[PDB]
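Just below is one structure, and these are the notes that go with it.
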Amino acid sequence: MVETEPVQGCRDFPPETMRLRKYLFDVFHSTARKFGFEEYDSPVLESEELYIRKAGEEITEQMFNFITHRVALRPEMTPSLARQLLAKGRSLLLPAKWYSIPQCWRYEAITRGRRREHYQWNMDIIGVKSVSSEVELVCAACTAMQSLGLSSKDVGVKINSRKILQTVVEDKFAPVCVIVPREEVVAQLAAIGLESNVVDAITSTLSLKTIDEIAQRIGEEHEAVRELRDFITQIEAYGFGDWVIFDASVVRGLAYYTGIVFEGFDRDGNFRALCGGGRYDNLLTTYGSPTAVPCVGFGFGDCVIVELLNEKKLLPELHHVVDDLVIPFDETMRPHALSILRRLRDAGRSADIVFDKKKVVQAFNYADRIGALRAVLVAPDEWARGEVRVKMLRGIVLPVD
Amino acid sequence: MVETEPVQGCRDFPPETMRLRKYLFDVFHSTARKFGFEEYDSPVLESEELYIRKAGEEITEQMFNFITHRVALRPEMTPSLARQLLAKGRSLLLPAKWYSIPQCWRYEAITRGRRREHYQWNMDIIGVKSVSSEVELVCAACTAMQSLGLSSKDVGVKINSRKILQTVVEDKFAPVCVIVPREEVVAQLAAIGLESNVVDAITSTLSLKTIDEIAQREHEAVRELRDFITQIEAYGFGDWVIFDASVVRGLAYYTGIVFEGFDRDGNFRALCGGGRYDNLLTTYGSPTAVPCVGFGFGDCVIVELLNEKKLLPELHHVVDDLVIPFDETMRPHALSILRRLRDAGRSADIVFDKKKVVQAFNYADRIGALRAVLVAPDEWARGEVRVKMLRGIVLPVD
């Protein structure tokens with residue numbers, strides 16, 4: 001017998017499991033449709049050049065490579081987005097709001113945290129300078145979280161700005177923050193060329209928790225704080241004000257971003273980040289664009305949100321359901337039964353039928369044992385009279401219409 | 001600037017194109033549901049052992065391999081199905097009707113026919129001994145074609161049985177048939193230890209186009225084929241099926257009835273294809289045989305066909321509402337209405353940057369439109385908004 005289990009770190013989706021996934025993904029689809037986002041997709045097989053341009057040669061070892069001309073299974077979707085946006089050039093109508101729910105592949109260890117394969121709701125608005133796209137993308141994250149059953153008490157989203165930090169500096173420094181003792185960061189920063197004073201500027205602003213505190217520091221009129229104040233005022237206006245919080249220690253990939261970053265989280269501090277996003281105006285120029293084009297997006301993993309929903313008892317109990325089981329009285333009634341199955345399906349209903357020979361009470365079980373709703377006995381006595389027997393699993397003669 | 005095009009032979013799906021993929025797959029999903037099939041999925045990355053056990057070492061060249069322990073990007077879905085069903089063992093509740101639309105990868109050339117990457121509607125009934133499971137899958141095939149706009153004048157399904165060909169012989173022969181000149185076979189028949197007399201049987205049976213010709217030649221095969229046709233006509237797809245004794249696509253790997261969707265003007269390759277494989281699970285090491293019939297329905301040839309017959313739809317990005325702030329002072333209140341609309345179940349968008357109104361209205365039409373919502377201060381003060389349908393007006397609105 002073959003290995004019945006799937007390749008290390010990868011999940012099968014039998015009907016039971018796939019039902020939950022379609023439940024979660026429905027929410028992403030539904031949120032995106034309500035928010036006016038269009039779906040896209042690209043191949044999981046992308047050119048090695050695509051990622052190594054983003055992060056360097058280092059990432060060739062953390063992904064599934066192979067040759068044909070080298071290609072790899074994508075560990076993230078964003079690089080394919082830009083490649084697609086770039087292909088469209090100046091014919092791409094802005095603003096453009098694109099989303100996908102792509103699988104991604106990362107070659108790592110399995111019993112140490114991550115699991116080699118995950119689905120992910122990406123979500124990206126392109127062509128929009130102002131801070132209303134940050135506001136909306138966050139509104140989306142909460143709208144999804146809210147549809148899943150979460151309240152502002154359960155979760156929320158932290159806001160930061162890399163313009164706070166960069167302006168406090170007055171080149172390649174933002175990498176150092178992402179890693180964290182606290183006396184190891186100064187050894188990593190001073191090496192750049194920062195006298196102890198300016199290290200403190202950075203070090204101690206990160207654990208600041210209010211905008212006023214940022215203002216009494218860079219100014220009220222600074223872009224950085226002028227935006228955040230606009231962002232909050234809009235998010236409050238859209239009605240998610242109780243969901244957002246400000247936190248200067250959001251530094252997840254702050255090198256790779258440009259403006260407002262954000263990060264979903266559970267308020268009991270039990271899990272890793274739910275979703276993460278921000279503005280990256282330098283996205284397209286990275287991949288060689290002559291004209292910098294504004295961009296904000298977030299990624300919404302399919303793994304952590306489940307753990308939380310499960311913790312907070314919000315995972316639904318989903319079942320295969322069908323409207324009708326057609327039961328031929330016996331094999332001689334098959335052809336008539338068939339024609340009743342057609343009718344039902346034609347009418348929009350979902351119906352199924354006894355395939356092999358069953359005893360009628362065995363058929364009635366099967367109807368219950370699979371989804372039920374309604375059993376349609378198809379017998380000669382009744383059929384001759386233009387009739388069928390219909391039993392609701394909440395006999396009765398009907399034509400039915 | 002990077003290569004903006006995808007890996008040779010693979011397709012990008014921008015919104016324009018994804019709309020058509022989503023449209024086809026909706027016929028797959030919607031048909032699956034109505035026939036009471038359950039969706040499944042498994043990793044595109046499977047174990048090499050799994051496929052090599054299907055067809056021999058040769059395929060280790062016709063797919064994307066790599067090492068970690070050897071694994072491959074799947075060229076077909078069925079071997080995952082088998083692997084999953086086996087995992088469940090006896091606990092799998094029979095009959096199970098499992099479907100999926102997996103993407104699959106085959107390492108081939110690009111300007112010679114095929115294209116390395118394709119999505120494919122699978123569909124499998126497991127645990128059914130009788131010819132009814134064959135009947136339905138075909139109904140499912142014909143029904144999905146019928147929902148795309150195709151009639152029985154356009155397409156059809158061919159039917160055949162491997163029992164026809166096997167019983168005529170009275171071991172490893174079926175592989176030779178699949179490769180098609182009526183002579184280019186004949187030497188590949190004689191050259192493996194068969195007399196002329198048997199080559200005349202095999203050849204003359206493939207050259208039969210009616211069931212009566214098979215029966216004139218009470219057997220299991222014709223009992224089935226007559227019961228199937230009966231059933232199919234009873235369901236209402238009699239004009240769609242047709243017997244053909246030359247359907248030998250992969251017939252080594254099937255057990256009973258096999259079938260093959262096709263366009264009637266003879267213009268394209270096979271639309272869909274499948275059959276009964278009762279040996280499917282025993283192959284992957286099942287001690288107890290479990291019946292299986294199923295089919296694959298590619299996402300490529302059906303589109304070429306739908307294109308030729310002019311059946312492809314004009315899909316558009318559509319949005320119910322564009323919320324228009326009069327200016328940036330009205331943004332917070334615009335936002336609040338935006339919330340209301342989206343909460344009310346509608347799909348809305350908003351003007352993000354600073355725009356003029358006639359510019360804003362252009363964007364409205366330029367993206368789906370249906371309705372604009374002007375949110376100006378005069379009207380807002382009196383608890384009102386301006387609603388212009390792209391088929392002003394003051395409203396509360398509720």
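Following the order of the structure tokens, first chain is A, next is B, and so on, with residues numbered from 1 inside each chain and ligands from 1 in the order they appear.
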
Would you mind writing down, as a short mmCIF file (atom, residue, chain, number, x, y, z; two decimals) with N, CA and C atoms, in the first residue's frame, each residue of stretch 142-219 of chain A that DSSP on the backbone assigns to helix (DSSP H, G or I)?
```cif
data_model
loop_
_atom_site.label_atom_id
_atom_site.label_comp_id
_atom_site.auth_asym_id
_atom_site.auth_seq_id
_atom_site.Cartn_x
_atom_site.Cartn_y
_atom_site.Cartn_z
N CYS A 142 -11.35 43.65 9.06
CA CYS A 142 -12.32 43.58 10.15
C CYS A 142 -13.65 43.06 9.65
N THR A 143 -14.06 43.48 8.46
CA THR A 143 -15.31 42.98 7.89
C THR A 143 -15.27 41.46 7.74
N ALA A 144 -14.15 40.92 7.29
CA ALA A 144 -13.99 39.48 7.24
C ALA A 144 -13.99 38.91 8.65
N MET A 145 -13.25 39.53 9.55
CA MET A 145 -13.15 39.00 10.90
C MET A 145 -14.52 39.02 11.57
N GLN A 146 -15.36 39.97 11.17
CA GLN A 146 -16.65 40.18 11.80
C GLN A 146 -17.67 39.21 11.25
N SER A 147 -17.52 38.89 9.98
CA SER A 147 -18.39 37.92 9.36
C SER A 147 -18.09 36.52 9.93
N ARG A 162 5.97 53.78 9.09
CA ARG A 162 7.41 53.78 8.98
C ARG A 162 7.95 55.21 8.77
N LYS A 163 7.08 56.14 8.42
CA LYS A 163 7.45 57.56 8.36
C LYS A 163 7.68 58.18 9.74
N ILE A 164 7.09 57.61 10.78
CA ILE A 164 7.38 58.00 12.16
C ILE A 164 8.86 57.77 12.44
N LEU A 165 9.28 56.53 12.22
CA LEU A 165 10.65 56.06 12.48
C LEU A 165 11.65 56.78 11.56
N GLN A 166 11.37 56.82 10.26
CA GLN A 166 12.36 57.33 9.30
C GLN A 166 12.66 58.80 9.59
N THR A 167 11.62 59.55 9.94
CA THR A 167 11.75 60.97 10.20
C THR A 167 12.44 61.23 11.54
N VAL A 168 12.18 60.41 12.55
CA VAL A 168 12.99 60.42 13.77
C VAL A 168 14.50 60.37 13.44
N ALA A 174 15.95 49.65 8.95
CA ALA A 174 14.67 49.02 9.23
C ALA A 174 14.73 47.49 9.31
N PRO A 175 15.69 46.85 8.62
CA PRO A 175 15.91 45.41 8.86
C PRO A 175 16.18 45.03 10.32
N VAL A 176 16.97 45.82 11.03
CA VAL A 176 17.39 45.47 12.38
C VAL A 176 16.22 45.35 13.38
N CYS A 177 15.22 46.23 13.25
CA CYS A 177 14.04 46.25 14.15
C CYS A 177 13.22 44.95 14.15
N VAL A 185 20.32 44.87 19.96
CA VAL A 185 19.91 45.77 18.87
C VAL A 185 20.88 46.95 18.73
N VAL A 186 21.33 47.50 19.85
CA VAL A 186 22.30 48.60 19.85
C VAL A 186 23.63 48.19 19.23
N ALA A 187 24.02 46.93 19.41
CA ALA A 187 25.24 46.43 18.76
C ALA A 187 25.04 46.30 17.24
N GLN A 188 23.79 46.09 16.82
CA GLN A 188 23.43 45.99 15.40
C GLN A 188 23.20 47.37 14.73
N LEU A 189 22.77 48.36 15.52
CA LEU A 189 22.52 49.73 15.02
C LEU A 189 23.79 50.60 15.05
N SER A 196 24.94 56.68 20.61
CA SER A 196 23.97 56.12 21.55
C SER A 196 22.67 56.92 21.62
N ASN A 197 22.79 58.25 21.63
CA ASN A 197 21.62 59.15 21.63
C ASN A 197 20.52 58.72 20.65
N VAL A 198 20.83 58.75 19.35
CA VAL A 198 19.87 58.40 18.28
C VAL A 198 19.37 56.94 18.31
N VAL A 199 20.10 56.04 18.97
CA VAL A 199 19.61 54.67 19.15
C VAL A 199 18.40 54.77 20.06
N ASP A 200 18.56 55.48 21.17
CA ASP A 200 17.46 55.70 22.11
C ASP A 200 16.23 56.30 21.43
N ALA A 201 16.43 57.26 20.54
CA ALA A 201 15.31 57.84 19.82
C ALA A 201 14.46 56.70 19.30
N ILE A 202 15.07 55.84 18.47
CA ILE A 202 14.40 54.67 17.90
C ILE A 202 13.90 53.70 18.97
N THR A 203 14.83 53.08 19.69
CA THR A 203 14.52 52.10 20.75
C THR A 203 13.24 52.40 21.56
N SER A 204 13.11 53.64 22.01
CA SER A 204 12.07 54.01 22.98
C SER A 204 10.79 54.57 22.35
N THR A 205 10.82 54.85 21.05
CA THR A 205 9.62 55.23 20.33
C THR A 205 8.81 54.00 19.95
N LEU A 206 9.50 52.88 19.73
CA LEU A 206 8.87 51.61 19.35
C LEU A 206 7.86 51.11 20.37
N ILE A 211 -0.72 58.13 19.56
CA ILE A 211 -0.45 59.07 18.46
C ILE A 211 0.01 60.40 19.02
N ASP A 212 -0.66 60.85 20.07
CA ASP A 212 -0.28 62.07 20.77
C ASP A 212 1.21 62.00 21.14
N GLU A 213 1.62 60.85 21.66
CA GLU A 213 3.02 60.57 22.02
C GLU A 213 3.95 60.67 20.81
N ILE A 214 3.46 60.23 19.65
CA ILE A 214 4.19 60.38 18.38
C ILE A 214 4.22 61.85 17.96
N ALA A 215 3.12 62.57 18.22
CA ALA A 215 2.99 63.98 17.86
C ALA A 215 3.90 64.85 18.71
N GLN A 216 3.93 64.55 20.00
CA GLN A 216 4.76 65.28 20.94
C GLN A 216 6.20 64.80 20.78
N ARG A 217 6.64 64.71 19.52
CA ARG A 217 7.88 63.99 19.19
C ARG A 217 8.38 64.31 17.80
N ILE A 218 7.49 64.15 16.83
CA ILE A 218 7.76 64.55 15.45
C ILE A 218 6.95 65.81 15.07
#
```

Using only C-alpha atoms, find each residue of chain A with at least one atom at most 6 Å away from an atom of chain B; report its shortest atom-to-atom pair and that distance in Å (one decimal), sort the rows by chain and rising residue number, and return the result as CSV.
```
residue,atom,partner,partner_atom,distance
A:1,CA,B:285,CA,3.8
A:2,CA,B:284,CA,5.7
A:4,CA,B:83,CA,4.9
A:7,CA,B:46,CA,5.8
A:12,CA,B:42,CA,4.3
A:13,CA,B:41,CA,4.8
A:14,CA,B:40,CA,4.9
A:15,CA,B:40,CA,5.2
A:18,CA,B:40,CA,5.8
A:34,CA,B:347,CA,3.9
A:35,CA,B:348,CA,5.9
A:36,CA,B:349,CA,5.6
A:38,CA,B:15,CA,6.0
A:39,CA,B:15,CA,5.8
A:40,CA,B:14,CA,4.9
A:41,CA,B:13,CA,4.7
A:42,CA,B:12,CA,4.4
A:46,CA,B:7,CA,5.8
A:83,CA,B:4,CA,5.0
A:87,CA,B:4,CA,5.1
A:132,CA,B:352,CA,5.8
A:234,CA,B:332,CA,5.5
A:237,CA,B:332,CA,5.0
A:238,CA,B:336,CA,4.8
A:287,CA,B:1,CA,5.7
A:288,CA,B:1,CA,3.8
A:335,CA,B:234,CA,5.0
A:338,CA,B:235,CA,5.0
A:339,CA,B:235,CA,4.8
A:342,CA,B:235,CA,5.9
A:345,CA,B:34,CA,5.9
A:350,CA,B:34,CA,3.8
A:351,CA,B:35,CA,5.9
A:352,CA,B:36,CA,5.7
A:355,CA,B:132,CA,5.5
A:356,CA,B:130,CA,5.9
```

For the atom pair atom CA of residue A:303 and atom CA of residue A:57, what is the interatomic distance in Å to one decimal place?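 Rounded to one decimal, the two atoms are 27.8 Å apart.
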
Closest of A:387, A:8, A:252, A:289 to residue A:88 - atom-to-atom distances counting only C-alpha atoms: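 Smallest separation from residue A:88 among the options: A:289.
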
Which is closest to residue B:253 among B:153, B:223, B:162, B:90, if we use only C-alpha atoms?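 The shortest atom-to-atom distance to residue B:253 comes from B:162.
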
Can you work out the spacing between atom CA of residue B:256 and atom CA of residue A:340 in Å, to one decimal?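 Atom-to-atom, atom CA of residue B:256 and atom CA of residue A:340 are spaced 26.8 Å apart.
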
A:305, A:138, A:284, A:293: which is nearest residue A:260, counting only C-alpha atoms? A:138

Do you know which residues are at most 9 Å from stretch 163-175 of chain B counting only C-alpha atoms, after dropping those on the same chain fewer than 6 positions away, and could you put them as number ranges by chain? B: 189, 192, 198, 201-202, 205-206, 214, 217, 220-222, 245, 248, 250-253, 255-257

When you look at residue B:261 with a cut-off of 12 Å (counting only C-alpha atoms), what residues show up, excluding the ones that are within fewer than 5 positions of it in the same chain? I need them as a PyMOL selection string. chain B and resi 137-145+150+152+154-159+240-244+247+249+266+268-275+295-298+301-302+305

Preceding selection exported with N, CA, C and O atoms as a short mmCIF file (atom, residue, chain, number, x, y, z; two decimals), in the first residue's frame:
```
data_model
loop_
_atom_site.label_atom_id
_atom_site.label_comp_id
_atom_site.auth_asym_id
_atom_site.auth_seq_id
_atom_site.Cartn_x
_atom_site.Cartn_y
_atom_site.Cartn_z
N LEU B 137 -22.75 10.16 -14.23
CA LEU B 137 -21.56 10.93 -14.57
C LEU B 137 -21.67 11.52 -15.99
O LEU B 137 -21.33 12.69 -16.24
N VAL B 138 -22.19 10.70 -16.90
CA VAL B 138 -22.49 11.12 -18.24
C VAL B 138 -23.57 12.18 -18.19
O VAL B 138 -23.47 13.20 -18.87
N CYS B 139 -24.60 11.99 -17.39
CA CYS B 139 -25.60 13.05 -17.28
C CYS B 139 -24.96 14.34 -16.78
O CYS B 139 -25.19 15.42 -17.33
N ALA B 140 -24.11 14.21 -15.76
CA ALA B 140 -23.34 15.34 -15.26
C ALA B 140 -22.52 15.98 -16.37
O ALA B 140 -22.58 17.18 -16.56
N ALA B 141 -21.77 15.18 -17.14
CA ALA B 141 -21.04 15.71 -18.30
C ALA B 141 -21.98 16.49 -19.22
O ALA B 141 -21.81 17.69 -19.41
N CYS B 142 -22.98 15.80 -19.77
CA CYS B 142 -23.93 16.44 -20.69
C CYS B 142 -24.62 17.66 -20.07
O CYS B 142 -24.87 18.65 -20.77
N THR B 143 -24.92 17.61 -18.77
CA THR B 143 -25.61 18.71 -18.10
C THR B 143 -24.72 19.97 -18.01
O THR B 143 -25.20 21.08 -18.23
N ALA B 144 -23.43 19.80 -17.71
CA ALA B 144 -22.50 20.92 -17.68
C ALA B 144 -22.28 21.51 -19.07
O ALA B 144 -22.16 22.72 -19.22
N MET B 145 -22.23 20.65 -20.08
CA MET B 145 -22.15 21.12 -21.48
C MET B 145 -23.45 21.82 -21.83
O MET B 145 -23.43 22.88 -22.47
N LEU B 150 -24.39 24.39 -25.02
CA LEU B 150 -24.22 23.38 -26.06
C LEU B 150 -25.43 22.46 -26.15
O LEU B 150 -25.93 22.01 -25.13
N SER B 152 -27.22 18.87 -28.20
CA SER B 152 -26.85 17.58 -28.78
C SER B 152 -26.55 17.70 -30.29
O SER B 152 -26.05 16.76 -30.90
N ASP B 154 -24.57 20.10 -31.24
CA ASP B 154 -23.19 20.60 -31.14
C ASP B 154 -22.23 19.51 -30.73
O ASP B 154 -21.33 19.17 -31.49
N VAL B 155 -22.44 18.97 -29.52
CA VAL B 155 -21.56 17.98 -28.93
C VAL B 155 -22.29 16.64 -28.78
O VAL B 155 -23.47 16.52 -29.10
N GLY B 156 -21.55 15.65 -28.28
CA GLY B 156 -22.14 14.36 -27.90
C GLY B 156 -21.17 13.60 -27.03
O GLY B 156 -20.06 14.08 -26.80
N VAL B 157 -21.60 12.43 -26.54
CA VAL B 157 -20.69 11.51 -25.84
C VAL B 157 -20.68 10.13 -26.52
O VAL B 157 -21.73 9.57 -26.83
N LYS B 158 -19.47 9.62 -26.77
CA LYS B 158 -19.27 8.27 -27.30
C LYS B 158 -19.23 7.29 -26.13
O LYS B 158 -18.78 7.65 -25.03
N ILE B 159 -19.73 6.08 -26.36
CA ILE B 159 -19.68 5.04 -25.34
C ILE B 159 -19.12 3.74 -25.92
O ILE B 159 -19.24 3.45 -27.11
N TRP B 240 -27.75 12.54 -27.01
CA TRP B 240 -26.38 12.98 -26.72
C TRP B 240 -25.37 11.84 -26.81
O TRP B 240 -24.22 12.06 -27.19
N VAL B 241 -25.78 10.64 -26.43
CA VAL B 241 -24.87 9.50 -26.41
C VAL B 241 -24.92 8.75 -27.74
O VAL B 241 -25.92 8.78 -28.42
N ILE B 242 -23.82 8.09 -28.08
CA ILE B 242 -23.73 7.32 -29.32
C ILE B 242 -22.69 6.23 -29.09
O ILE B 242 -21.68 6.47 -28.44
N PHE B 243 -22.94 5.03 -29.59
CA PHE B 243 -21.99 3.96 -29.38
C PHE B 243 -20.86 4.07 -30.38
O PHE B 243 -21.07 4.41 -31.55
N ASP B 244 -19.66 3.75 -29.91
CA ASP B 244 -18.47 3.73 -30.74
C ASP B 244 -17.50 2.73 -30.12
O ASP B 244 -17.14 2.87 -28.95
N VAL B 247 -13.44 3.82 -28.97
CA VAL B 247 -12.98 4.62 -27.85
C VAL B 247 -12.08 3.75 -27.00
O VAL B 247 -12.55 2.92 -26.22
N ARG B 249 -9.19 5.25 -25.44
CA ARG B 249 -8.29 6.16 -24.75
C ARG B 249 -8.02 5.59 -23.35
O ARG B 249 -8.93 5.51 -22.52
N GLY B 266 -16.27 17.37 -35.56
CA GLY B 266 -14.98 16.67 -35.67
C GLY B 266 -13.77 17.60 -35.60
O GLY B 266 -12.69 17.25 -36.07
N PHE B 268 -12.33 19.36 -32.77
CA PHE B 268 -11.46 19.42 -31.60
C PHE B 268 -11.17 18.05 -31.02
O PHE B 268 -11.83 17.08 -31.35
N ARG B 269 -10.17 18.01 -30.13
CA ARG B 269 -9.87 16.82 -29.32
C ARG B 269 -11.04 16.48 -28.39
O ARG B 269 -12.12 17.05 -28.51
N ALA B 270 -10.83 15.53 -27.48
CA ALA B 270 -11.91 15.08 -26.59
C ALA B 270 -12.23 16.12 -25.52
O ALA B 270 -11.34 16.72 -24.92
N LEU B 271 -13.52 16.36 -25.32
CA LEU B 271 -13.98 17.39 -24.39
C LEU B 271 -13.75 16.91 -22.98
O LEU B 271 -12.94 17.48 -22.25
N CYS B 272 -14.42 15.83 -22.61
CA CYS B 272 -14.17 15.17 -21.34
C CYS B 272 -13.96 13.70 -21.61
O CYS B 272 -14.10 13.25 -22.74
N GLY B 273 -13.62 12.96 -20.56
CA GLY B 273 -13.34 11.54 -20.70
C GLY B 273 -13.22 10.85 -19.37
O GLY B 273 -12.71 11.43 -18.39
N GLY B 274 -13.66 9.60 -19.33
CA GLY B 274 -13.68 8.83 -18.10
C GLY B 274 -14.16 7.42 -18.36
O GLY B 274 -14.41 7.04 -19.49
N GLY B 275 -14.31 6.66 -17.28
CA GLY B 275 -14.85 5.31 -17.36
C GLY B 275 -14.93 4.69 -15.99
O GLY B 275 -14.70 5.35 -14.97
N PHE B 295 -14.63 10.76 -14.22
CA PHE B 295 -14.18 11.41 -15.44
C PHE B 295 -13.42 12.71 -15.21
O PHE B 295 -13.47 13.28 -14.13
N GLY B 296 -12.72 13.14 -16.24
CA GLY B 296 -12.03 14.42 -16.24
C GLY B 296 -12.59 15.27 -17.35
O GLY B 296 -12.96 14.74 -18.40
N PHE B 297 -12.69 16.58 -17.12
CA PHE B 297 -13.30 17.55 -18.05
C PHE B 297 -12.33 18.72 -18.09
O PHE B 297 -12.34 19.57 -17.21
N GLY B 298 -11.46 18.74 -19.07
CA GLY B 298 -10.49 19.83 -19.17
C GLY B 298 -11.15 21.19 -19.28
O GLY B 298 -12.33 21.28 -19.58
N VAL B 301 -10.13 22.75 -24.07
CA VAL B 301 -10.82 22.44 -25.32
C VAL B 301 -12.27 22.91 -25.31
O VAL B 301 -12.78 23.35 -26.34
N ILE B 302 -12.91 22.85 -24.16
CA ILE B 302 -14.31 23.27 -24.05
C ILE B 302 -14.44 24.75 -24.37
O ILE B 302 -15.45 25.20 -24.87
N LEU B 305 -14.04 25.31 -28.19
CA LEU B 305 -15.35 24.94 -28.74
C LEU B 305 -16.39 26.05 -28.49
O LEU B 305 -16.99 26.58 -29.44
#
```

Close residues, residue A:110 itself excluded, 8 Å, only C-alpha atoms, min 5 positions apart in chain, as a list in words: residues 8, 9, 115 and 116 of chain A

Any idea what's packed within 8 Å of stretch 133-135 of chain A, counting only C-alpha atoms, ignoring anything in its chain fewer than 4 positions away? Could you give it as a list in words? residues 125, 128, 139, 231, 232, 234, 235, 260, 278, 279 and 296 of chain A; 352 of chain B

Using DSSP on the backbone, list every residue of stretch 250-323 of chain A that comes out as strand (DSSP E), and give them as an mmCIF file with N, CA, C and O atoms, in the first residue's frame.
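New file out_1.cif:
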```
data_model
loop_
_atom_site.group_PDB
_atom_site.id
_atom_site.type_symbol
_atom_site.label_atom_id
_atom_site.label_comp_id
_atom_site.auth_asym_id
_atom_site.auth_seq_id
_atom_site.Cartn_x
_atom_site.Cartn_y
_atom_site.Cartn_z
ATOM 1 N N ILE A 260 1.917 53.549 5.954
ATOM 2 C CA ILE A 260 1.165 52.920 7.030
ATOM 3 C C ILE A 260 1.219 51.407 6.951
ATOM 4 O O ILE A 260 0.720 50.844 6.003
ATOM 5 N N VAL A 261 1.819 50.758 7.945
ATOM 6 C CA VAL A 261 1.696 49.307 8.104
ATOM 7 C C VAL A 261 0.570 48.933 9.079
ATOM 8 O O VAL A 261 0.126 49.746 9.882
ATOM 9 N N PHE A 262 0.098 47.692 8.980
ATOM 10 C CA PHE A 262 -0.903 47.180 9.910
ATOM 11 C C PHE A 262 -0.845 45.678 10.051
ATOM 12 O O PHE A 262 -0.252 44.986 9.228
ATOM 13 N N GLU A 263 -1.459 45.198 11.123
ATOM 14 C CA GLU A 263 -1.327 43.830 11.527
ATOM 15 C C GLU A 263 -2.537 43.458 12.366
ATOM 16 O O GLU A 263 -2.801 44.089 13.395
ATOM 17 N N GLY A 264 -3.297 42.464 11.904
ATOM 18 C CA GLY A 264 -4.418 41.919 12.684
ATOM 19 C C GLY A 264 -3.876 41.162 13.888
ATOM 20 O O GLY A 264 -2.731 40.706 13.850
ATOM 21 N N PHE A 265 -4.671 41.043 14.954
ATOM 22 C CA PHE A 265 -4.257 40.274 16.143
ATOM 23 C C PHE A 265 -5.421 39.947 17.096
ATOM 24 O O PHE A 265 -6.428 40.669 17.141
ATOM 25 N N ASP A 266 -5.254 38.853 17.849
ATOM 26 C CA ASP A 266 -6.159 38.493 18.946
ATOM 27 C C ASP A 266 -5.786 39.254 20.220
ATOM 28 O O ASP A 266 -4.621 39.332 20.598
ATOM 29 N N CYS A 275 -3.456 38.864 10.170
ATOM 30 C CA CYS A 275 -3.230 39.377 8.840
ATOM 31 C C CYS A 275 -2.240 40.511 8.952
ATOM 32 O O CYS A 275 -2.056 41.057 10.017
ATOM 33 N N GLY A 276 -1.622 40.869 7.843
ATOM 34 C CA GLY A 276 -0.610 41.913 7.823
ATOM 35 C C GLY A 276 -0.585 42.629 6.480
ATOM 36 O O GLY A 276 -0.698 42.008 5.420
ATOM 37 N N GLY A 277 -0.442 43.941 6.519
ATOM 38 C CA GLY A 277 -0.429 44.707 5.300
ATOM 39 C C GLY A 277 0.149 46.087 5.496
ATOM 40 O O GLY A 277 0.629 46.431 6.579
ATOM 41 N N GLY A 278 0.108 46.874 4.431
ATOM 42 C CA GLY A 278 0.574 48.226 4.496
ATOM 43 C C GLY A 278 0.757 48.787 3.109
ATOM 44 O O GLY A 278 0.483 48.123 2.115
ATOM 45 N N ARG A 279 1.245 50.021 3.057
ATOM 46 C CA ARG A 279 1.462 50.709 1.813
ATOM 47 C C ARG A 279 2.904 50.468 1.383
ATOM 48 O O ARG A 279 3.817 50.561 2.193
ATOM 49 N N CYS A 295 0.615 51.838 -3.845
ATOM 50 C CA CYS A 295 0.106 50.530 -3.553
ATOM 51 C C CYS A 295 -0.048 50.317 -2.057
ATOM 52 O O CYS A 295 0.799 50.722 -1.286
ATOM 53 N N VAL A 296 -1.163 49.703 -1.681
ATOM 54 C CA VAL A 296 -1.419 49.233 -0.347
ATOM 55 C C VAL A 296 -2.039 47.840 -0.506
ATOM 56 O O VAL A 296 -2.830 47.609 -1.412
ATOM 57 N N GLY A 297 -1.653 46.905 0.350
ATOM 58 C CA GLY A 297 -2.268 45.595 0.391
ATOM 59 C C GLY A 297 -2.088 44.901 1.723
ATOM 60 O O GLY A 297 -1.362 45.389 2.579
ATOM 61 N N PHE A 298 -2.782 43.775 1.909
ATOM 62 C CA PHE A 298 -2.543 42.896 3.065
ATOM 63 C C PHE A 298 -2.698 41.450 2.706
ATOM 64 O O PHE A 298 -3.385 41.122 1.752
ATOM 65 N N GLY A 299 -2.046 40.587 3.479
ATOM 66 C CA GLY A 299 -2.189 39.152 3.336
ATOM 67 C C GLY A 299 -2.927 38.652 4.546
ATOM 68 O O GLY A 299 -2.648 39.104 5.655
ATOM 69 N N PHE A 300 -3.864 37.718 4.332
ATOM 70 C CA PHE A 300 -4.718 37.151 5.395
ATOM 71 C C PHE A 300 -4.627 35.625 5.378
ATOM 72 O O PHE A 300 -5.434 34.961 4.714
ATOM 73 N N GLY A 301 -3.663 35.077 6.118
ATOM 74 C CA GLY A 301 -3.428 33.637 6.144
ATOM 75 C C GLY A 301 -4.668 32.840 6.495
ATOM 76 O O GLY A 301 -5.589 33.376 7.111
#
```

Who sits within 12 Å of residue A:369, only C-alpha atoms, same chain under 3 positions skipped, as a list in words: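 Those residues are residues 319, 320, 321, 322, 325, 361, 362, 363, 364, 365, 366, 372, 373, 375 and 393 of chain A; 93, 94, 95 and 96 of chain B.
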
Coordinates-based distance that separates atom CA of residue B:293 from atom CA of residue B:277 (Å, one decimal):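 Calculated distance between atom CA of residue B:277 and atom CA of residue B:293 is 5.7 Å.
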